[PDB]
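S.K.: Provided below: structure_34.txt, containing compact mmCIF, N, CA and C atoms and all ligand atoms.
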```txt
# COMPACT_ATOMS: atom_id res chain seq x y z
N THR A 1 -2.81 33.74 3.92
CA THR A 1 -3.51 35.07 4.01
C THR A 1 -3.79 35.45 5.48
N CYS A 2 -3.91 36.77 5.70
CA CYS A 2 -4.13 37.31 7.04
C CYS A 2 -5.58 37.35 7.43
N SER A 3 -5.82 37.12 8.70
CA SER A 3 -7.14 37.29 9.32
C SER A 3 -7.08 38.60 10.08
N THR A 4 -8.25 39.07 10.46
CA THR A 4 -8.38 40.31 11.26
C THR A 4 -9.08 39.98 12.57
N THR A 5 -8.60 40.55 13.67
CA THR A 5 -9.28 40.44 14.96
C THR A 5 -9.46 41.86 15.54
N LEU A 6 -10.58 42.05 16.23
CA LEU A 6 -10.90 43.29 16.94
C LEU A 6 -10.77 43.04 18.44
N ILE A 7 -9.94 43.82 19.10
CA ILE A 7 -9.69 43.66 20.51
C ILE A 7 -10.05 44.97 21.21
N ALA A 8 -10.93 44.89 22.21
CA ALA A 8 -11.22 46.01 23.08
C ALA A 8 -10.16 46.18 24.14
N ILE A 9 -9.65 47.41 24.29
CA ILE A 9 -8.61 47.70 25.21
C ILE A 9 -9.08 48.82 26.13
N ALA A 10 -9.15 48.54 27.42
CA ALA A 10 -9.59 49.55 28.40
C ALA A 10 -8.40 50.22 29.03
N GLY A 11 -8.56 51.50 29.30
CA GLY A 11 -7.59 52.22 30.08
C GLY A 11 -6.54 53.03 29.33
N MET A 12 -6.59 53.04 27.99
CA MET A 12 -5.62 53.86 27.23
C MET A 12 -5.97 55.33 27.30
N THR A 13 -5.03 56.12 27.82
CA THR A 13 -5.28 57.57 28.07
C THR A 13 -4.17 58.47 27.58
N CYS A 14 -3.27 57.95 26.76
CA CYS A 14 -2.16 58.75 26.22
C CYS A 14 -1.67 58.21 24.90
N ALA A 15 -1.04 59.09 24.13
CA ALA A 15 -0.38 58.71 22.89
C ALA A 15 0.78 57.74 23.09
N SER A 16 1.58 57.95 24.14
CA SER A 16 2.71 57.08 24.45
C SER A 16 2.31 55.62 24.52
N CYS A 17 1.22 55.36 25.23
CA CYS A 17 0.75 54.01 25.38
C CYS A 17 0.23 53.41 24.10
N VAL A 18 -0.46 54.19 23.29
CA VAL A 18 -0.86 53.72 21.95
C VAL A 18 0.37 53.21 21.17
N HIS A 19 1.40 54.03 21.14
CA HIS A 19 2.57 53.66 20.42
C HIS A 19 3.27 52.43 21.03
N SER A 20 3.32 52.35 22.35
CA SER A 20 3.92 51.21 23.06
C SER A 20 3.16 49.92 22.78
N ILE A 21 1.86 49.96 22.83
CA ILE A 21 1.03 48.79 22.48
C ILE A 21 1.27 48.35 21.02
N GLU A 22 1.20 49.30 20.09
CA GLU A 22 1.43 48.98 18.68
C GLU A 22 2.83 48.41 18.48
N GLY A 23 3.84 49.01 19.14
CA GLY A 23 5.21 48.49 18.99
C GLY A 23 5.34 47.05 19.46
N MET A 24 4.82 46.79 20.66
CA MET A 24 4.95 45.47 21.28
C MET A 24 4.22 44.40 20.47
N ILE A 25 2.96 44.67 20.14
CA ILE A 25 2.13 43.69 19.48
C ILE A 25 2.60 43.48 18.03
N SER A 26 3.01 44.57 17.38
CA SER A 26 3.39 44.46 15.94
C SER A 26 4.58 43.49 15.79
N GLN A 27 5.47 43.46 16.80
CA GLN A 27 6.70 42.64 16.72
C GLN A 27 6.49 41.15 16.98
N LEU A 28 5.28 40.75 17.43
CA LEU A 28 5.02 39.30 17.67
C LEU A 28 4.98 38.56 16.36
N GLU A 29 5.54 37.35 16.37
CA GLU A 29 5.47 36.52 15.16
C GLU A 29 4.07 36.37 14.64
N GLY A 30 3.89 36.64 13.33
CA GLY A 30 2.67 36.56 12.65
C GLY A 30 1.86 37.80 12.52
N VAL A 31 2.29 38.87 13.21
CA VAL A 31 1.48 40.10 13.22
C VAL A 31 1.94 41.01 12.09
N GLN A 32 1.06 41.27 11.14
CA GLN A 32 1.42 42.12 9.99
C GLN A 32 1.24 43.59 10.37
N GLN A 33 0.14 43.91 11.05
CA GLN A 33 -0.13 45.29 11.35
C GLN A 33 -1.16 45.36 12.45
N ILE A 34 -1.04 46.40 13.27
CA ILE A 34 -1.97 46.68 14.35
C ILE A 34 -2.38 48.15 14.24
N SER A 35 -3.68 48.43 14.28
CA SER A 35 -4.22 49.81 14.31
C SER A 35 -4.96 50.01 15.62
N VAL A 36 -4.42 50.83 16.50
CA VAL A 36 -5.08 51.17 17.80
C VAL A 36 -5.85 52.45 17.62
N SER A 37 -7.14 52.40 17.97
CA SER A 37 -8.01 53.60 18.02
C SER A 37 -8.11 54.02 19.48
N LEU A 38 -7.42 55.10 19.85
CA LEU A 38 -7.55 55.65 21.21
C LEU A 38 -9.03 56.12 21.41
N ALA A 39 -9.65 56.68 20.37
CA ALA A 39 -11.06 57.11 20.43
C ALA A 39 -12.03 56.03 20.75
N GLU A 40 -11.88 54.89 20.09
CA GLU A 40 -12.82 53.78 20.15
C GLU A 40 -12.43 52.78 21.24
N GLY A 41 -11.20 52.91 21.75
CA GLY A 41 -10.68 51.96 22.74
C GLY A 41 -10.52 50.57 22.18
N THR A 42 -10.02 50.49 20.94
CA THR A 42 -9.87 49.16 20.30
C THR A 42 -8.56 49.04 19.56
N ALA A 43 -8.16 47.80 19.31
CA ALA A 43 -7.05 47.50 18.37
C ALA A 43 -7.61 46.57 17.33
N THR A 44 -7.27 46.84 16.06
CA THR A 44 -7.58 45.95 14.96
C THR A 44 -6.28 45.37 14.48
N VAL A 45 -6.16 44.04 14.50
CA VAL A 45 -4.86 43.37 14.22
C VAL A 45 -5.01 42.48 13.00
N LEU A 46 -4.13 42.64 12.03
CA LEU A 46 -4.00 41.76 10.87
C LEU A 46 -2.87 40.78 11.12
N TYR A 47 -3.17 39.47 11.14
CA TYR A 47 -2.25 38.47 11.66
C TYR A 47 -2.42 37.16 10.86
N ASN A 48 -1.39 36.34 10.91
CA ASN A 48 -1.41 35.00 10.32
C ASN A 48 -1.94 33.99 11.37
N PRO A 49 -3.21 33.52 11.18
CA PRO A 49 -3.80 32.64 12.21
C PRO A 49 -3.11 31.29 12.35
N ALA A 50 -2.25 30.93 11.39
CA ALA A 50 -1.42 29.71 11.55
C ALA A 50 -0.35 29.83 12.59
N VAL A 51 0.08 31.06 12.95
CA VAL A 51 1.20 31.20 13.83
C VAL A 51 0.90 31.94 15.16
N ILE A 52 -0.17 32.71 15.16
CA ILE A 52 -0.59 33.46 16.37
C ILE A 52 -2.08 33.54 16.46
N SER A 53 -2.64 33.58 17.68
CA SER A 53 -4.11 33.64 17.84
C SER A 53 -4.61 34.95 18.45
N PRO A 54 -5.89 35.28 18.25
CA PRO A 54 -6.41 36.47 18.97
C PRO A 54 -6.23 36.43 20.49
N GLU A 55 -6.41 35.27 21.11
CA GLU A 55 -6.22 35.23 22.54
C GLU A 55 -4.75 35.42 22.97
N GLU A 56 -3.77 35.03 22.15
CA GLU A 56 -2.39 35.37 22.41
C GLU A 56 -2.13 36.90 22.32
N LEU A 57 -2.75 37.50 21.33
CA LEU A 57 -2.67 38.96 21.17
C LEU A 57 -3.27 39.69 22.37
N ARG A 58 -4.48 39.26 22.74
CA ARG A 58 -5.14 39.79 23.91
C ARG A 58 -4.30 39.66 25.19
N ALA A 59 -3.77 38.47 25.43
CA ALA A 59 -2.97 38.24 26.57
C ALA A 59 -1.72 39.10 26.63
N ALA A 60 -1.08 39.33 25.45
CA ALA A 60 0.10 40.22 25.39
C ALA A 60 -0.24 41.66 25.81
N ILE A 61 -1.39 42.14 25.37
CA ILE A 61 -1.86 43.48 25.72
C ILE A 61 -2.14 43.55 27.21
N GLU A 62 -2.82 42.53 27.76
CA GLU A 62 -3.08 42.49 29.20
C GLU A 62 -1.82 42.56 30.02
N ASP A 63 -0.79 41.86 29.56
CA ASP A 63 0.48 41.83 30.23
C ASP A 63 1.15 43.21 30.28
N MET A 64 0.75 44.14 29.40
CA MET A 64 1.24 45.51 29.48
C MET A 64 0.48 46.40 30.45
N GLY A 65 -0.53 45.84 31.09
CA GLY A 65 -1.28 46.51 32.14
C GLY A 65 -2.61 47.08 31.71
N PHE A 66 -3.10 46.68 30.53
CA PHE A 66 -4.40 47.07 30.07
C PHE A 66 -5.37 45.91 30.05
N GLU A 67 -6.58 46.11 30.52
CA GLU A 67 -7.63 45.09 30.35
C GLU A 67 -8.03 44.94 28.89
N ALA A 68 -8.09 43.72 28.41
CA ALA A 68 -8.32 43.49 27.01
C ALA A 68 -9.22 42.30 26.75
N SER A 69 -10.04 42.42 25.72
CA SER A 69 -11.02 41.40 25.35
C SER A 69 -11.10 41.24 23.84
N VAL A 70 -11.09 40.00 23.35
CA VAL A 70 -11.36 39.74 21.92
C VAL A 70 -12.85 39.96 21.66
N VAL A 71 -13.20 40.92 20.81
CA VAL A 71 -14.60 41.20 20.48
C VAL A 71 -15.07 40.30 19.35
N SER A 72 -14.29 40.30 18.25
CA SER A 72 -14.61 39.60 17.03
C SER A 72 -13.34 39.53 16.13
N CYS B 2 -14.72 61.74 8.59
CA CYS B 2 -13.55 62.15 9.44
C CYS B 2 -13.97 63.09 10.55
N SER B 3 -13.11 63.20 11.56
CA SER B 3 -13.27 64.16 12.65
C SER B 3 -12.28 65.32 12.43
N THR B 4 -12.54 66.41 13.15
CA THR B 4 -11.70 67.60 13.14
C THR B 4 -11.16 67.90 14.52
N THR B 5 -9.90 68.30 14.54
CA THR B 5 -9.28 68.72 15.79
C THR B 5 -8.51 70.02 15.53
N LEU B 6 -8.54 70.89 16.53
CA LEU B 6 -7.77 72.15 16.52
C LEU B 6 -6.67 72.06 17.53
N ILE B 7 -5.43 72.21 17.06
CA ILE B 7 -4.24 72.05 17.90
C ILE B 7 -3.50 73.39 17.92
N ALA B 8 -3.26 73.88 19.14
CA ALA B 8 -2.44 75.07 19.32
C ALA B 8 -0.99 74.65 19.25
N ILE B 9 -0.21 75.36 18.45
CA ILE B 9 1.21 75.05 18.28
C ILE B 9 2.02 76.32 18.55
N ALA B 10 2.93 76.24 19.51
CA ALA B 10 3.80 77.37 19.89
C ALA B 10 5.06 77.27 19.08
N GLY B 11 5.56 78.42 18.61
CA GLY B 11 6.91 78.46 18.09
C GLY B 11 7.06 78.43 16.59
N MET B 12 5.93 78.48 15.87
CA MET B 12 6.00 78.55 14.41
C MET B 12 6.37 79.98 14.02
N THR B 13 7.61 80.19 13.57
CA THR B 13 8.13 81.54 13.24
C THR B 13 8.81 81.59 11.88
N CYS B 14 8.54 80.60 11.01
CA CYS B 14 9.01 80.61 9.65
C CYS B 14 8.13 79.77 8.74
N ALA B 15 8.15 80.11 7.46
CA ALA B 15 7.40 79.30 6.45
C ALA B 15 7.91 77.87 6.33
N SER B 16 9.22 77.68 6.41
CA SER B 16 9.84 76.35 6.25
C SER B 16 9.24 75.38 7.33
N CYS B 17 9.15 75.86 8.57
CA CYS B 17 8.61 75.04 9.67
C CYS B 17 7.12 74.73 9.49
N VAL B 18 6.36 75.74 9.07
CA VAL B 18 4.93 75.54 8.75
C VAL B 18 4.73 74.40 7.74
N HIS B 19 5.51 74.44 6.67
CA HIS B 19 5.44 73.43 5.60
C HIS B 19 5.95 72.08 6.07
N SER B 20 6.97 72.09 6.94
CA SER B 20 7.49 70.86 7.53
C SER B 20 6.41 70.14 8.33
N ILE B 21 5.70 70.90 9.16
CA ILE B 21 4.66 70.37 10.01
C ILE B 21 3.54 69.87 9.10
N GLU B 22 3.14 70.67 8.11
CA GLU B 22 2.10 70.20 7.17
C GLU B 22 2.49 68.90 6.54
N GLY B 23 3.72 68.78 6.07
CA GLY B 23 4.13 67.61 5.38
C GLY B 23 4.14 66.39 6.27
N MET B 24 4.76 66.51 7.43
CA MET B 24 4.90 65.40 8.30
C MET B 24 3.53 64.92 8.78
N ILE B 25 2.68 65.84 9.19
CA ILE B 25 1.39 65.46 9.75
C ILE B 25 0.46 64.96 8.66
N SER B 26 0.40 65.65 7.53
CA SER B 26 -0.49 65.20 6.46
C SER B 26 -0.20 63.80 5.95
N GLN B 27 1.05 63.37 6.01
CA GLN B 27 1.43 62.05 5.51
C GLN B 27 1.23 60.92 6.49
N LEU B 28 0.86 61.21 7.71
CA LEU B 28 0.59 60.14 8.68
C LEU B 28 -0.62 59.35 8.20
N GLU B 29 -0.61 58.05 8.42
CA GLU B 29 -1.78 57.26 8.11
C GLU B 29 -2.97 57.76 8.91
N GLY B 30 -4.13 57.91 8.25
CA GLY B 30 -5.30 58.43 8.87
C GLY B 30 -5.58 59.89 8.73
N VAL B 31 -4.58 60.65 8.25
CA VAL B 31 -4.75 62.12 8.18
C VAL B 31 -5.16 62.47 6.77
N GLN B 32 -6.35 63.05 6.65
CA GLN B 32 -6.87 63.53 5.36
C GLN B 32 -6.39 64.90 4.96
N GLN B 33 -6.38 65.81 5.90
CA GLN B 33 -5.96 67.20 5.63
C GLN B 33 -5.44 67.86 6.88
N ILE B 34 -4.57 68.87 6.68
CA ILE B 34 -4.15 69.74 7.77
C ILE B 34 -4.00 71.15 7.19
N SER B 35 -4.52 72.13 7.89
CA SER B 35 -4.24 73.53 7.57
C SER B 35 -3.58 74.18 8.80
N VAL B 36 -2.42 74.79 8.58
CA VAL B 36 -1.67 75.44 9.65
C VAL B 36 -1.87 76.97 9.53
N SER B 37 -2.19 77.64 10.63
CA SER B 37 -2.23 79.13 10.64
C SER B 37 -1.08 79.67 11.47
N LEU B 38 -0.09 80.20 10.78
CA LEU B 38 1.04 80.90 11.41
C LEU B 38 0.57 82.09 12.30
N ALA B 39 -0.42 82.87 11.83
CA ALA B 39 -0.93 84.06 12.56
C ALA B 39 -1.64 83.68 13.83
N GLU B 40 -2.44 82.62 13.74
CA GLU B 40 -3.28 82.16 14.86
C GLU B 40 -2.56 81.14 15.72
N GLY B 41 -1.44 80.61 15.24
CA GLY B 41 -0.67 79.65 16.02
C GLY B 41 -1.37 78.30 16.21
N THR B 42 -2.10 77.90 15.19
CA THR B 42 -2.92 76.68 15.24
C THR B 42 -2.78 75.79 14.00
N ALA B 43 -3.08 74.50 14.21
CA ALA B 43 -3.32 73.56 13.08
C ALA B 43 -4.70 72.94 13.24
N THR B 44 -5.43 72.84 12.13
CA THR B 44 -6.74 72.19 12.06
C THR B 44 -6.53 70.94 11.19
N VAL B 45 -6.80 69.80 11.79
CA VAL B 45 -6.53 68.52 11.17
C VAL B 45 -7.82 67.73 11.02
N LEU B 46 -8.03 67.24 9.80
CA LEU B 46 -9.12 66.32 9.47
C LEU B 46 -8.55 64.91 9.45
N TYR B 47 -9.09 64.04 10.27
CA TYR B 47 -8.46 62.69 10.52
C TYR B 47 -9.51 61.61 10.77
N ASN B 48 -9.08 60.38 10.61
CA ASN B 48 -9.90 59.22 10.85
C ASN B 48 -9.68 58.69 12.25
N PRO B 49 -10.64 58.87 13.15
CA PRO B 49 -10.44 58.44 14.54
C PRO B 49 -10.32 56.93 14.71
N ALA B 50 -10.67 56.14 13.70
CA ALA B 50 -10.35 54.71 13.77
C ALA B 50 -8.87 54.42 13.77
N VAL B 51 -8.07 55.35 13.24
CA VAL B 51 -6.68 55.15 12.96
C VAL B 51 -5.73 56.07 13.75
N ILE B 52 -6.18 57.29 14.09
CA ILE B 52 -5.30 58.26 14.74
C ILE B 52 -6.16 59.20 15.59
N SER B 53 -5.55 59.75 16.62
CA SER B 53 -6.19 60.60 17.64
C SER B 53 -5.59 61.98 17.71
N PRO B 54 -6.35 62.95 18.25
CA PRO B 54 -5.77 64.24 18.55
C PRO B 54 -4.52 64.17 19.44
N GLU B 55 -4.52 63.25 20.42
CA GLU B 55 -3.39 63.07 21.32
C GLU B 55 -2.14 62.67 20.54
N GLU B 56 -2.30 61.73 19.61
CA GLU B 56 -1.19 61.30 18.78
C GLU B 56 -0.70 62.42 17.86
N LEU B 57 -1.63 63.20 17.28
CA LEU B 57 -1.28 64.33 16.42
C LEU B 57 -0.45 65.36 17.17
N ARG B 58 -0.94 65.67 18.35
CA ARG B 58 -0.25 66.61 19.24
C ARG B 58 1.14 66.11 19.63
N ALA B 59 1.25 64.83 19.99
CA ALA B 59 2.55 64.25 20.34
C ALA B 59 3.52 64.28 19.15
N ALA B 60 3.01 64.03 17.92
CA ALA B 60 3.86 64.05 16.72
C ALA B 60 4.45 65.46 16.50
N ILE B 61 3.64 66.49 16.68
CA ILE B 61 4.05 67.89 16.53
C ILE B 61 5.09 68.19 17.57
N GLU B 62 4.81 67.74 18.78
CA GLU B 62 5.78 67.97 19.85
C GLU B 62 7.09 67.30 19.54
N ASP B 63 7.08 66.09 18.98
CA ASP B 63 8.28 65.39 18.63
C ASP B 63 9.15 66.13 17.58
N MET B 64 8.52 66.97 16.76
CA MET B 64 9.22 67.83 15.80
C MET B 64 9.90 69.03 16.43
N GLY B 65 9.59 69.32 17.69
CA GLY B 65 10.24 70.41 18.47
C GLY B 65 9.36 71.61 18.78
N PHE B 66 8.03 71.51 18.61
CA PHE B 66 7.10 72.59 18.85
C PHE B 66 6.15 72.15 19.94
N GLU B 67 5.94 73.00 20.91
CA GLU B 67 4.95 72.73 21.99
C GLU B 67 3.56 72.77 21.40
N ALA B 68 2.74 71.79 21.76
CA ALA B 68 1.41 71.65 21.21
C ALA B 68 0.42 71.24 22.29
N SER B 69 -0.82 71.67 22.11
CA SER B 69 -1.92 71.25 22.96
C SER B 69 -3.22 71.18 22.15
N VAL B 70 -4.04 70.18 22.46
CA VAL B 70 -5.34 70.05 21.85
C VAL B 70 -6.27 71.09 22.48
N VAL B 71 -6.84 71.93 21.64
CA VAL B 71 -7.78 72.96 22.06
C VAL B 71 -9.20 72.39 22.10
N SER B 72 -9.63 71.75 21.00
CA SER B 72 -10.98 71.17 20.87
C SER B 72 -11.02 70.14 19.73
CA CA A 101 -1.24 53.60 14.71
```
Would you give me this structure, written as structure tokens?
Ligand SMILES: [Ca+2]
M.R.:
Amino acid sequence: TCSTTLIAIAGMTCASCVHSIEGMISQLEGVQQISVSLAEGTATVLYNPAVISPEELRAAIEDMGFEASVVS
Amino acid sequence: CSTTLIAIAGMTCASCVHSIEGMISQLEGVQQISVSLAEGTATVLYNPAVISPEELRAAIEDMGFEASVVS
């Protein structure tokens, strides 16, 4: 079964980037779905914790040039 | 839900109005959309946890109509 993680993402200011983040993160092994809220500055990720971790997700987002933090 | 008003240029037929309604209304997070051909606008009721005015506007633009968020 999937777990959920909430990640704060700073610096998102366009639709293009929302879609780019969702595309990149969704394709990682174990990621079922990612919902980015441009309004709230967050991503909610449904993932298989046996194969990927919140800190791996966070790190992938950072690598795209956004500051990111696992909230919960 | 939140509400956004989007100005859309170039709506000059019923078929396009309905196309935009269909495409936008079916996006995840979108509860309702009303398009005004006379006023050149769409009013969208949406869940900001899931979708933004910026994304709505970009989706309309991707269909071939110039769009801007008014409020
Ligand atoms: Ca999305």
S.K.: Can you tell me which residues surround residue A:50 at a distance of at most 8 Å, considering all atoms listed in the file, apart from same-chain residues fewer than 4 positions away, and format the answer as a VMD selection string?
M.R.: chain A and resid 1 to 3 30
S.K.: Residues of chain A were defined as contacting chain B if any atom lay at most 8 Å from it, counting all atoms listed in the file; please report them as a PyMOL selection string.
M.R.: chain A and resi 13-16+35-40+42
S.K.: What are the DSSP strand (DSSP E) residues of chain A, as number ranges by chain?
M.R.: A: 3-10, 31-37, 42-47, 67-70
S.K.: Hey, what's within 7 Å of residue B:66 if we count all atoms listed in the file and toss same-chain stuff fewer than 5 positions away? As a ChimeraX atom specification, please?
M.R.: /B:9-12,61
S.K.: Using only C-alpha atoms, which residues sit within 7 Å of stretch 64-70 of chain A once same-chain residues fewer than 3 positions away are excluded, as a ChimeraX atom specification?
M.R.: /A:6-11,54-55,58,60-61
S.K.: Between A:18, A:25, A:52, A:45, which has the minimum distance to ligand CA 101 (chain A) (counting all atoms listed in the file)?
M.R.: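 Nearest to ligand CA 101 (chain A): A:18.
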S.K.: Looking at all atoms listed in the file, which of A:17, A:46, A:34, A:12 is the one that sits closest to ligand CA 101 (chain A)?
M.R.: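 Of all the options, A:34 lies closest to ligand CA 101 (chain A).
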S.K.: Can you list, as number ranges by chain, every residue of chain A that DSSP puts in helix (DSSP H, G or I)?
M.R.: A: 15-26, 54-63
S.K.: Can you report as AutoDock Vina command-line options the centre and edge lengths in Å, to one decimal, of an axis-aligned box around the listed atoms of stretch 51-61 of chain A padded with 3 Å on each side?
M.R.:
```
--center_x -2.6 --center_y 37.3 --center_z 20.1 --size_x 13.6 --size_y 18.5 --size_z 20.3
```
S.K.: Using only C-alpha atoms and all ligand atoms, which residue out of B:64, B:2, B:31, B:15 lies closest to ligand CA 101 (chain A)?
M.R.: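 The closest residue to ligand CA 101 (chain A) is B:31.
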S.K.: For ligand CA 101 (chain A), which residue among A:28, A:33, A:62, A:5 is the nearest when counting only C-alpha atoms and all ligand atoms?
M.R.: A:33
